[PDB]
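Novice: Pasting an experimental structure, sequence included:
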Amino acid sequence: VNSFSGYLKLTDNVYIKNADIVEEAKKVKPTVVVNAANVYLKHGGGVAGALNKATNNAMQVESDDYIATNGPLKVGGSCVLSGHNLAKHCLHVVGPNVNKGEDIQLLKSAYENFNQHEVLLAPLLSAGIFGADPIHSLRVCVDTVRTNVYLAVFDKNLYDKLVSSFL
Ligand SMILES: OC[C@@H](Nc1ncnc2[nH]ccc12)c1ccccc1
Ligand SMILES: [Cl-]
C-alpha cells in the first residue's frame, strides 16, 4: 500500500492520472520522481523547467555540478540526484527528443531505467515538448516498465485521449 490517490489502473503495475507532477510530488513526497531530462541537465521547460522552478533552482545548481564532473548523459540514459523538496530522489531520464531528430527506438531504453526503482512518480517520456506521440509513449511504458509506475499526464484532453485509446 502506498499514498498515491485517484489513479486509474491500466495494468498490474502501471497507473495513470490527470495531474500536475509538481503538485503531485509535493503532496506524496515519493521515493522517486522522474524528470524528463536532456543530456546536459538544462532544466528549461516542460516537466524539467517546472520541477526545477519548484526547487527554487536547487535542482539546476546540483545538475550543473553533476555535468561538470561527469559530462553529459546519453540519450536513453539516466542519473539519480536529489529530489530536493519534492521527493527523496529525482531520476533524471533522457528520452529521445523528436524535435532534435533523435531515434524514437531509444524510448524503450529510456523507460528501462525505471526498472531500477520499485515505485516511481513519472511523466510520459518523450511526450510534450520532446515531440513524440504520447499514445506511443504510454504503450512503450506499459510494455517496458515492470516496477510500479504512477504516471502524471499534464493535459486533460490527452489524459482523456490516452485512457479512451488504451488497449
Ligand atoms: O512529458 C511530457 C508531459 N509533460 C508534463 N507531464 C506532467 N506534469 C507536467 N508538469 C509540467 C510539464 C508536465 C506532457 C504530456 C502531454 C502534453 C504536454 C506535456
Ligand atoms: Cl512538456
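Specialist: Looks like it came in fine. Numbers count the residues shown, from 1 in each chain. Ligands and ions are numbered 1, 2, ... in the order given.

Novice: Can you tell me the closest non-neighbouring residue to whatever residue of the chain ends up closest to ligand 2?
Specialist: At 2.2 Å from ligand 2, residue 128 is the closest residue in the chain, using CB to the ion. The C-beta positions use only the backbone N, C-alpha and C, and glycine is treated the same way. Distances taken as CB to CB, 6 or more residues apart in numbering put residue 46 closest to residue 128, at 4.9 Å, once the chain neighbours are dropped.

Novice: just residue 73 next, same as before
Specialist: Leaving aside its sequence neighbours, residue 73 sits nearest to residue 39 (CB to CB, 6+ apart; 4.5 Å).

Novice: How about the contacts made by the one you found?
Specialist: Residue 39 makes contacts with 72, 73, 74, 75, 77, 94, as judged by CB atoms under 8 Å, 6 or more residues apart in numbering.

Novice: again, 10 Å this time
Specialist: Applying CB atoms under 10 Å, 6 or more residues apart in numbering, we find residue 39 in contact with 67, 71, 72, 73, 74, 75, 76, 77, 92, 94, 97, 102.

Novice: Checking it next. Helix, strand or coil?
Specialist: Assigned with DSSP: H, G, I helix; E, B strand; the rest coil, residue 39 falls in the coil class.

Novice: So which bits of the top helix by length along the chain are buried?
Specialist: When the chain is parsed with DSSP state H, its longest helix is helix 58-70. Counting neighbours by 16 or more other CB atoms under 10 Å, one finds that the buried residues in helix 58-70 are 59, 60, 62, 63, 66.

Novice: Do I have it right that the second one meets residue 54?
Specialist: No - under the criterion of CB atoms under 10 Å, residue 60 is not in contact with residue 54, lying 11.6 Å apart.

Novice: Pull the number of nearby residues for the one residue in the chain that gets nearest to ligand 1.
Specialist: Relative to ligand 1, the nearest point of the chain is residue 128 (2.7 Å; CB to the nearest ligand atom). If you count neighbours by other CB atoms under 10 Å, residue 128 ends up with 19.
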